[PDB]
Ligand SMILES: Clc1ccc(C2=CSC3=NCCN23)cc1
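Quick heads-up: it's one chain on its own, the form deposited without the ligand, in C-alpha cells.
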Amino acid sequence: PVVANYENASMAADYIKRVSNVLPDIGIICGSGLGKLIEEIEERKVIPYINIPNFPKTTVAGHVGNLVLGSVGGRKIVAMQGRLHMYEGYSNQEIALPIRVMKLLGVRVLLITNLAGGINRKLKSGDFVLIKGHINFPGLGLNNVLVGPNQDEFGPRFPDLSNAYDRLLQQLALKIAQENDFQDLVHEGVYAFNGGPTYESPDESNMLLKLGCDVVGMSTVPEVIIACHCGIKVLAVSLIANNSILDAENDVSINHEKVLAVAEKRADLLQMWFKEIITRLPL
C-alpha cells in the first residue's frame, strides 16, 4: 500500500509540474453537483488521477477523477474534480496524499464545499453555513484520518484544531454575500462528521441536536485535518439540503435525488460567490 509520505507525494508533484507550468497557491474541492466552476478555469490542464504516480486507485467506485490546474480571476488554482470519500473504503493514506501534493505544489489556502443536513432549527433547505468548528465522531472513535505513523516533514504528531477554520476567510465570504444582497441565506455553525453512507437516522438527528451540532455530513473533516496538520488555511461551506429535525417530527425523508435537486437550485450562485472569494483572497 502507498503511504502518504514525503517521497511519494514528491514523485506525484514532479509529474504534475512537468505536465503543467501552473504554480498554484489556492486549492479547491467541490461538493456533489457543485463543480461547475472547475469547467470554467482558464488556460487549464486536466490530469486524470489514474495518470499521476502514487495517486489512489478509484476505478472500483468509478465516475470522474481528475486534477485540474489553471487561472480564476487572475489567481493560480488547483482543483480536485471527483472527491474521495471515506465511506467508499479509501484508507487514511489514500485521502491524505492528494492534499499533501497540493502542499508541495504551493497551496496556502483550501476552499471546500459540501452538501449537508440541517440540525439547528433556524436552517432551511437552500441555506449556506460557514463552518466554524466540528464534532468528529470517527476521530473520537479511533478512525481519525491521522491514525498511523506521523509524517514529520508535513506536521506535528499531535495537532491543535482550534484555528482549523480561518476566521478572516469566514469574514470575507460573508462580506461578499452582503455586497450581493444574499446574506439572509448565510449562517455559521458546527459540523458533525457522520462516517456514512446511510443518512443519519431520525433518532441520531435528535441526538445531534442535544450535542450542539448545527449541520451533519459525510465529508470535509478528513481533508480539513490533513490541511491543518501541514499549515494550509481552510474555508468550508455547507449547502443545506433539508432540516433533519423537522423531517423526524413530521415522519418524512431525505434522499439523494432531493439532495441533488437542491444542489442544482444553488449551483450558479455558489459558483459566482466562490469566483469572487478567489479573486479577493489577500495577497
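Don't overthink the numbering: it's just position in the shown sequence, from 1.
From this point on, the text means the form deposited with the ligand bound, which you will not see here.
*Asks:* Counting only non-hydrogen atoms, choose the one of 100-108, 71-79, 142-150, 180-188 that falls within 4.5 Å of the ligand in the deposited bound form.
*Replies:* This holds for exactly one stretch, 180-188.
*Asks:* Decide whether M207 counts as a contact residue for the ligand in the deposited bound form under a heavy atom distance cut-off of 4.5 Å.
*Replies:* No, no contact at 4.5 Å.
*Asks:* Does any part of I176 reach within 4.5 Å of the ligand in the deposited bound form? Heavy atoms only, please.
*Replies:* Contact check for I176: yes, within 4.5 Å of the ligand in the deposited bound form.
*Asks:* According to a 4.5 angstroms non-hydrogen atom cut-off, is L269 in contact with the ligand in the deposited bound form?
*Replies:* Flag for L269 set to yes.
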